[PDB]
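Residue-level structure breakdown
Listed here are the chains, written in short residue letters.
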Amino acid sequence: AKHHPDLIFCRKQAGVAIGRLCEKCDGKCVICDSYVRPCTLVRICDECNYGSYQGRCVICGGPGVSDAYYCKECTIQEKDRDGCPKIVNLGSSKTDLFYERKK
Amino acid sequence: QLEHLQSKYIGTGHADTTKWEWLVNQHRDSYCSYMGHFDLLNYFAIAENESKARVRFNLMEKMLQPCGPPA
Amino acid sequence: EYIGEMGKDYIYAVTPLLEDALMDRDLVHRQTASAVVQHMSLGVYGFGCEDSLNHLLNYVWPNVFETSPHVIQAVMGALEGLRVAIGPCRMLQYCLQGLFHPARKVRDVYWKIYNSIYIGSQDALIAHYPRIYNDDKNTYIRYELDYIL
Amino acid sequence: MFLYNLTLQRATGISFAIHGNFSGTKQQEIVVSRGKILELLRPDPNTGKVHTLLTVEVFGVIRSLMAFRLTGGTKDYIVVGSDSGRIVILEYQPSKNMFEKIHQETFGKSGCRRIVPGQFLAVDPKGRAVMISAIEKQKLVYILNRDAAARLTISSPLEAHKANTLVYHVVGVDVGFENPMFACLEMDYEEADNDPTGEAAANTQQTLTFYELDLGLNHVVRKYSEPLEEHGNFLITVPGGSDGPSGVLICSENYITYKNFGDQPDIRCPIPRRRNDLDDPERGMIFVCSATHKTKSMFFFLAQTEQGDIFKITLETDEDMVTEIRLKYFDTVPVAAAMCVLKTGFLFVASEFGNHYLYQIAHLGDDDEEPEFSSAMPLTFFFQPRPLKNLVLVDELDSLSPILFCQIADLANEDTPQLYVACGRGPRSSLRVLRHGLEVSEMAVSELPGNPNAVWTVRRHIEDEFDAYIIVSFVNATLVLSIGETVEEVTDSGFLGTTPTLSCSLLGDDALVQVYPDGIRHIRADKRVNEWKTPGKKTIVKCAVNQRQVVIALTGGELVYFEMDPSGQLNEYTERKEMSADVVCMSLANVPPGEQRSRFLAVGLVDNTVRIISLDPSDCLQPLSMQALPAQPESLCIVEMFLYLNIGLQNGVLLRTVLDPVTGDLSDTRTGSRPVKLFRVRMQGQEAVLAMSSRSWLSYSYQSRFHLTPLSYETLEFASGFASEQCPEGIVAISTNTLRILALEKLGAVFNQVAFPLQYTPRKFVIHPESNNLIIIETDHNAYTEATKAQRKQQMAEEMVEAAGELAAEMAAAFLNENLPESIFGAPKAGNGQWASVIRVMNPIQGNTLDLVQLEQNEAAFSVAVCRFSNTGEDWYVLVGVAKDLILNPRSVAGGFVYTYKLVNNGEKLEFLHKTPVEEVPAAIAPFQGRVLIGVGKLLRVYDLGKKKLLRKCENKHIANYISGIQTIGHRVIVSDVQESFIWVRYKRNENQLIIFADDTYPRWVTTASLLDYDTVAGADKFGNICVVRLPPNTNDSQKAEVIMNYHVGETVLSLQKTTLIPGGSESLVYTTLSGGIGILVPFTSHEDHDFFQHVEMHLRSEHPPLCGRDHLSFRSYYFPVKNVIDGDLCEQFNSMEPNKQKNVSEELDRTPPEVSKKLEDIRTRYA
RNA sequence: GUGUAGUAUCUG
RNA sequence: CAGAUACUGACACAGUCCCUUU
Ligand SMILES: [Zn+2]
Ligand SMILES: [Zn+2]
Ligand SMILES: [Zn+2]
């Protein structure tokens, strides 16, 4: 999520595990959040795939249903050679409306 | 912050970078790239009557401290 | 962004609109035109249409010394998208002009731009480095590139 | 203006070599990798020669190459680490005759960066893991395994990063069924960047670190790290586990050391030194390569020094502890980059500069005469080199790797220009001559007075292995002969050859039928003659001979049908046909063993229409298809093996058509308005055709590719197949009113070479415009001239005599009268700033020097030219630029001199006239307008001839850097800088002033340039880029020049020339690479073809990824973005895929695969 | 209609 | 330090609780 300047990416390593995407975000770029021309698959480090974190969506974290992908700009710019893009942060715009709507 | 990616990669400078550590990295990168291309080493081995192994050994040895000692 | 490869024919029409878009107007105009230029340069990469991209590059550079996060976030993206369609050789000349500036706010921005250029296409900068003469006691000249057959 | 990049010759520069069972059977193949080309080749164990099986391209440089096999397997895999930034595992498929992608893992960015794995690659000998490491901080380890699917698997990579560490070499330690262990040579430099005094730069040792792979906890940790005494360069693995000890064989400078982890001593045996070395006694001795011949009975090792001397390392041990190392000098070979000890006593040597050899081992070196060294001897060993006495040469592979200069010109009495390349380096340099065609070999020459026109050679029996029958036919007379290595006149043939012979058929297994104008006479091996006389005044025209049937035609189109029977009796049909024209050209296909006979017969007529008549008697004498031709055909022939047909026309053109009763694909090409005949020949056990014209032509079908290549020989009119014991495969052909024998040995290729030996490395040469001679010059660093070497040897062999011992020193007498050669034993490299130059004049026709001029010490020749001045008449002066005390790395000189010769007596003499001293080294000499332009470093000057020296007329100082090139045209001259691309300066003769007006923006490391017509300079680059710079039309002859072309060949280019290559061709842009490749940059003609080619290239960019895996557009944009260039190798690669993928690629453009292939070959066959 | 970051201008 | 008026980021909207255990 490039809109929130609070989220922190992982950038540990690649692997043989393929990321998954949920219904809320099916054809969105992992970094660009675009909608055009998926090009390459997404790999995640073993630290991001273990037990309760297995088969979860990369951006939000819901039950994944379809494979993730990279847009053509990310392939031309070689932005996929960084590691895994899994978000390791809870966020501030998604963990506050909970307590705001509790009342 | 967008400085996370720029920090984990060596050779990245900042606002308090002195010329010496810029030039030593500039020379080290060239030395590393010399051994990559085969024709870039053929040219060096033909320019001076030496062998490829000797040129590679000299290039590896010169990487310990190029551009002299610091200040 | 949508047309992609087909933008090499309508490249001339938008230029005398970005030209007066990159003026001293509100920040929104220059913020949006930076993304426009980024997509425009990324869509035509590899087809040899850098003649107009070089002219367009002369307007993005003045709008780098800003403070709002959005405008700089767009301008750095535009510069990164232009550096792959034009080449690191042209960007290095612009960046090296004020690297060792005697101020600090300009030096920080120039070093950030240099780091952005340095991370990508690392090996492509070997042949584009300038020549620096020797000081009192140091070796600053790559003598291995002066060999003549 | 768009350009199309084709290729003519592929690079032959070997960098890596591996061996193993890459096929699956019990035969070992060699996988040799070029600079960016993956190649496979295997040697024949029965004859020793080596063939080629695959030359696939990977589109990217290769930095490592390793081979491994799984446990309990029988197939070898290939692991490739390259600039792609990934790791690739390949597999050879004999059925598909092509590689197979298996795995692909990404672990970083792309480019030869510092922290990027891919440089050093090591594999576990047992085949359980693989380690790929960078030059610094980026060690990575994978875990290979096999699963229930019998397929290779790759696990997640394991990081082993370590900051501030330089890696020299990585090798895999051999352990027997334990955890994998790897070794590396680290050297920290953190403390060297914090002490301004510089004392930390020295006294810094490097350690031998062993890395432990925990196979139960899935992590890698380092255990042992001990400092060393002196620096090393590479390591050799030792077979351990259950067969021999485990350890390393670190090869430091002037020493070899064995070290093992745990508790074990060390062994240091000094390297043997050559006896009475003529070089400076302060140069270290190091190894360059190694080998391994591990065998269950006994194992040894190999090594090679700087001078190219093979040793034999044997270890001594009792149970685990190694006691001593026993060296022994094996042989002497040219310096190589890799060796492969092959089974069955074969050794493969791949030289780094020159041809590639292949030796066989007769003796293993047991109970020799020379002693063996050991570490037990206290305290500078010596040995005496000698001829081989242990190996023999059985094969040599040509390779024009180090090409420094090229020039295409026509000097002989023909129309096809030849290539005069100046390749080679060192004492084994040569200047080869390249011409299109094949190599011609002859065995014997015989004189046959008269006027023969044809000859036949058919086996007596179908089971015969030696050809016997020869029927030499004159215009009317005949003369039967035979081949038995004693070819003479034969009489007992009993053929009654008193009539002209038109054919010699093979009707049955051994039945032969002769043709005479009065009928048909059968001639069986047994006394069974079936003669059929034909009364009348009209004779026979031709006859369609075949292995099972005969078809004949008479004057006016009177068909006669013949068919044989198993009993052995002839037959004839009772139907006769009528024709609308006359019989001119015939053809007949072969019969496969799987069918009773052929399918159809081809008949040609005057109306230029081919007629197809079936052989079935039910519908015999009935045409099926009709097709006219633009011109009258002359001869016809059919080739087999998917089958195609060849159509020969009256003029010099040959047409190729696929085998089909109805008309189909047409392939038109030029064969010179003369009749062309096509016969059946044999090659390597395969069928081929042979066309004869003003020049001989040979066409062969091999792996779905057709090459129409001529023969480098004079005019020929007839040829025939040949096979015997003396020659492996030859050709029986006749000559102009005489007899000859032709032989072919080399595999099908182009650019035949004839080598002229030289003495040093040629720098530049020029061609005399009147006597077509050469002014070749030479210059090499670290060398001694013919006089200094002799005087140094004489002085050295005098002080050692008076060594206070026995007055009885007679070895000087035996030493001064025997000098070893230099082309096999290397050269005595001495000094650090020594030079030697030689000026040579050579006849391009045959190799024989005309004059030799030897310069004195520390004089390097850098430029030569031939000029003619104005104040003097026809006086061809020769100017040579000579430096003085040139040191390379700390560049500093003390001036130079320019020589001047006269070149009298039409090109075989040279007298010294005078020399002019200069304060800087000259590099560019260019004559123009009866004067000479001299570029002395930064300064630029113009000189004029005087009486004792040269006069300086004009001076200009505006070049930013060192001048390394000058070319002149009209009033505009171009100065090639070393960092700036180009500088345009104009010379005016009114006030004698040089002014610069136009320059370039992007700096370039230009090495050569060539103006195309008037304003575009086709330059080059030191890194591989090729660019074209054009000046704007509105320039006032501050004003930059635009760039219209950019590309990245990937190899250094030092030759550019625009000259037609074939008669009737066009203007090309032939260049030459630094590895041995020749390419062209031909442009497009029409506009509807450029779009098709661009679409094909764009579609293949995604439908056919590179073998290693890398963006082709990014690869071609390595330094500068591509511009107005379309790759042609990728387009030509379309011919090699699967049929379904071919159809899928073709269907978008609404074309058939034959339609795409035909024009792809047509564009190539037109410009070259 | 509401909430989650960021930015510009006048006045006190 | 505060108030007011405009603006940007294809920002998100009972989001739902998925080792918290006897
Ligand atoms: Zn989601
Ligand atoms: Zn993206
Ligand atoms: Zn992760």
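Residues numbered from 1 in each chain as written, not as in the entry; some residues may be left out. Chains lettered and ligands numbered in written order. Part of a larger assembly, values for the part shown. Heavy atoms only, no water.

The deposited coordinates for this entry were obtained by cryo-EM, with a reported resolution of 3.5 Å.

All names here are of chain A. Looking at the zinc ion (ligand 1), one finds its protein donor set to be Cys-22 (SG), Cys-25 (SG), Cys-57 (SG) and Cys-60 (SG), positioned 2.3 Å from the metal centre. One way to put it: the four donor atoms around the zinc ion (ligand 1) meet at angles of 102 to 120 degrees, and that makes the site tetrahedral. Between the donor residues of the zinc ion (ligand 1), the gaps in sequence give the motif C-x2-C-x31-C-x2-C. Residue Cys-22 is located in the loop between β2 (20-21) and β3 (38-40), and its partner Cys-60 is located in the loop between β4 (43-44) and β5 (66-67); the two are separated by 38 residues in the primary sequence. Given a relative accessible area of 6%, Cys-22 falls into the buried group. (Donors = N, O, S within 2.8 Å, 3.2 Å for Na, K, Ca; no water. Tetrahedral: all angles 85-135°; square planar, octahedral: opposite > 155°, others 65-115°. Helix = DSSP H or I, 4+ residues; strand = E, 2+ residues; numbered from the N terminus. Buried < 20%, exposed > 50% of the residue type's maximum accessible area, 1.4 Å probe, protein only.)

With that settled, consider helix α4 (residues 52-61) of chain B. Of all the residues in α4(B), the buried ones are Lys52(B), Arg54(B), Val55(B), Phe57(B), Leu59(B) and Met60(B). Those residues of α4(B) that are buried are in contact with α2 (19-34) and α3 (38-47) of chain B together with β21 (232-234) of chain D. (Contact = heavy atoms within 4.5 Å.)

Let us look at the coordination of the zinc ion (ligand 2). All names here are of chain A. Around the zinc ion (ligand 2), the protein contributes the donor atoms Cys-29 (SG), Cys-32 (SG), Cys-71 (SG) and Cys-74 (SG), at 2.3 Å from the metal centre. Seen from the zinc ion (ligand 2), its four donor atoms lie at angles of 107 to 113 degrees, and the figure they make is tetrahedral. The sequence motif formed by the donor residues of the zinc ion (ligand 2) is C-x2-C-x38-C-x2-C. Highlighted residues: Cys-29 in the loop between β2 and β3 and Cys-71 in strand β6 (residues 70-71), separated in sequence by 42 residues. Of the two residues examined, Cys-29 and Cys-71, each falls in the buried class.

Take the UniProt feature "binding site: Zn(2+) 2" in chain A next. Residues and elements named next belong to chain A. The UniProt record marks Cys-22, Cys-25, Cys-57 and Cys-60 with the feature "binding site: Zn(2+) 2", using the residue numbering of this structure. Taken along the chain, the residues just named run across 39 residues; in space they keep tight, none of their C-alpha pairs more than 8.7 Å apart. Residues within four places of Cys-22 in sequence aside, it is in contact with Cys-57, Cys-60, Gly-62, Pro-63, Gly-64 and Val-65. The class of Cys-60 is partly exposed, set by a relative accessible area of 32%. The contact partners of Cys-60, leaving out residues within four places of it in the chain, are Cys-22, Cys-25 and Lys-94. (UniProt positions renumbered as here; feature names shortened; annotations may be inferred.)

Tracing the backbone shows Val36(C) in helix α2 (residues 27-43). For the pair formed by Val36(C) and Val14(C), sequence separation is 22 residues and the distance between their alpha carbons is 9.8 Å.

To continue, consider the protein's contact with RNA strand F. The full set of residues close to RNA strand F is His3(A), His4(A), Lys24(A), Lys28(A), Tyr35(A), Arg56(A), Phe98(A), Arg101(A), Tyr2(C), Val28(C), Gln31(C) and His70(C). Near the protein, within 4 Å, the atoms of RNA strand F are sugar or phosphate in 57% of cases. Between RNA strand F and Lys24(A) there is a distance of 2.4 Å, counted from a phosphate oxygen to a side-chain nitrogen or oxygen. Taking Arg56(A), its side chain carries an N or O atom lying 3.0 Å from a base nitrogen of RNA strand F. When residues of the surface near RNA strand F are traced back to their parent elements, those giving at least two are α2 (97-102) of chain A together with α2 of chain C. By residue class, the composition of the surface near RNA strand F is four nonpolar, four polar and four charged. (Near = heavy atom within 4 Å. Polar contact = N/O pair within 3.5 Å; in protein donor to acceptor, adjacent residues only side chain to side chain. Nonpolar A, V, L, I, M, F, W, Y, C, P; charged D, E, K, R; others polar.)

Below, the discussion takes up the nonpolar core. Ranked by size, the top nonpolar core spans 157 residues in total, and within it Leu79(C), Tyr114(C), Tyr4(D), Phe1023(D) and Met1045(D) carry the most contacts. Those residues in contact with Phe1023(D), other than ones at most four positions away along the chain, are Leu40(B), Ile126(C), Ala127(C), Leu145(C), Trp1005(D), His1048(D) and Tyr1119(D). (Core = buried A, V, L, I, M, F, W, Y, C linked by side-chain atoms within 4.5 Å.)

All names here are of chain D. On the basis of which strands lie adjacent, the open sheet formed by four strands has the order β56-β57-β58-β59 and antiparallel pairing. Sheet topology places β56 (677-683) and β59 (706-710) at the edges, where each strand pairs with a single neighbour. Averaged over neighbouring strand pairs, the angle between their axes works out to 25 degrees when direction is ignored. As paired strands, β56 and strand β57 (residues 686-692) are joined by seven bridges and run antiparallel to one another. (Pairing = 2+ DSSP bridges. Axes fitted to C-alpha atoms, helices over the stretch in contact; angles between N-to-C directions.)

With that out of the way, let us pick up the interface of chain B and chain D. Each partner contributes residues to the interface: chain B has 36 residues there, and chain D has 52 residues. Across the chain B/chain D interface, buried area totals approximately 4,200 Å², and carbon plus sulfur atoms make up 62% of it. Of all residues in chain B, the largest losses of buried area upon contact with chain D belong to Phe38(B), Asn49(B) and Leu64(B), amounting jointly to 17% of the total for that side. Linking chain B with chain D are three salt bridges. The salt bridge involving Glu306(D) is made with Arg54(B); its shortest N-O contact spans 3.7 Å. For the interface between chain B and chain D, the tally reads 11 residue pairs in polar contact. Elements that contribute at least two residues to the side of chain B that touches chain D include exactly α2, α3 and α4 of chain B. (Buried area = accessible area lost by both parts, 1.4 Å probe. Salt bridge = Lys/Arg side-chain N within 4 Å of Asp/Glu carboxyl O.)

To continue, consider helix α6 (residues 105-119) of chain C. Along its 15 residues, α6(C) runs 22 Å from first to last C-alpha, staying within 8% of the 21 Å computed at 1.5 Å per residue. Counting buried positions along α6(C) yields 11 of 15 residues, so the element is predominantly enclosed. Those residues of α6(C) that sit buried are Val106(C), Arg107(C), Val109(C), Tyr110(C), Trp111(C), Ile113(C), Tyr114(C), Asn115(C), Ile117(C), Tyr118(C) and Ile119(C). Buried residues belonging to α6(C) abut α1 (4-7) and α2 of chain B together with α4 (69-86) and α5 (88-95) of chain C. (Expected span 1.5 Å × (residues − 1).)

At the interface, nine residues of chain A touch 12 residues of chain D. Summed over both partners, the interface of chain A with chain D comes to about 930 Å²; 41% of that surface belongs to carbon and sulfur atoms. Looking only at chain A, the three residues that lose the most surface to chain D are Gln13(A), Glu78(A) and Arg81(A), adding up to 60% of its buried area. The interface formed by chain A and chain D includes two residue pairs in polar contact.

RNA strand E sits among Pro5(A), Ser93(A), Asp96(A), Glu100(A), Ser68(C), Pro69(C) and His70(C). Of what RNA strand E places within 4 Å of the protein, 100% of the atoms are sugar or phosphate. One of the side-chain N or O atoms of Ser93(A) is found 3.1 Å from a sugar or linking oxygen in RNA strand E. At 2.8 Å, a side-chain N or O of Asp96(A) approaches a phosphate oxygen of RNA strand E. By residue class, the composition of the surface near RNA strand E is two nonpolar, three polar and two charged.

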